[PDB]
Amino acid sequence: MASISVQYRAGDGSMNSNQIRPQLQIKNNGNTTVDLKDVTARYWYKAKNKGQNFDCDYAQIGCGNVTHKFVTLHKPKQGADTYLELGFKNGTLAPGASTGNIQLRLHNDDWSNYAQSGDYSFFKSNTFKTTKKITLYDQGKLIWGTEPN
């Protein structure tokens, strides 16, 4: 399988703000290329039955090349009742290459504050960290990380 992983950190100050601010990178750790069009990422969290809204503020690969959708889970899980799924229109990663930064913001329809501490894919961190809690897929097959249970 493709060997890719996600580096992430929450945007500073975002935790109890009115925005979820995932900062992500996807790196190809393997010895094969990766076609990003086949790759999706899922950021799992509790939207708590509030309508969700997406912005891409900047991506090294170009925000216009990033796709998104929100998916409500059948029923809530620990740490998640929704995921944001990211996809890509194009782009490849050679072995060792990274997407570079993908800087996103999510907000509730009513711009109310989130309380993100319990969100499966959320954590505060001083720097980008590898995380197993943002999952990656190759044509929909899980290839990085662990989904909430």
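Numbering starts at 1 and follows the sequence shown.
Would you mind comparing 51 to 59 and 80 to 88 for me and telling me which has the higher average C-alpha temperature factor in the entry? Per the deposited B-factors, the answer is 51 to 59.
Hey, which bit's got the bigger mean C-alpha B factor in the entry, 110 to 118 or 89 to 97? According to the entry, 110 to 118 carries the higher average C-alpha B-factor.
Highest-ranked of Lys46, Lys69, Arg42, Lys124 once sorted by CA temperature factor in the record: Of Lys46, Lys69, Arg42, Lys124, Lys124 has the highest C-alpha B-factor.
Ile143 by Cα B-factor - lowest, middle or highest third of the modelled chain: As the PDB entry reports it, the C-alpha B-factor of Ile143 lands in the middle third of its chain.
Among all modelled residues of this chain, ranked by Cα B factor, put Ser17 in the bottom, middle or top third, i.e. lowest, middle or highest. It belongs to the highest third of the chain when residues are ordered by C-alpha B-factor.
Per the entry's values, where does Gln25 land by CA temperature factor relative to the rest of its chain, in the lowest, middle or highest third? For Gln25, the deposited C-alpha B-factor lands in the middle third.
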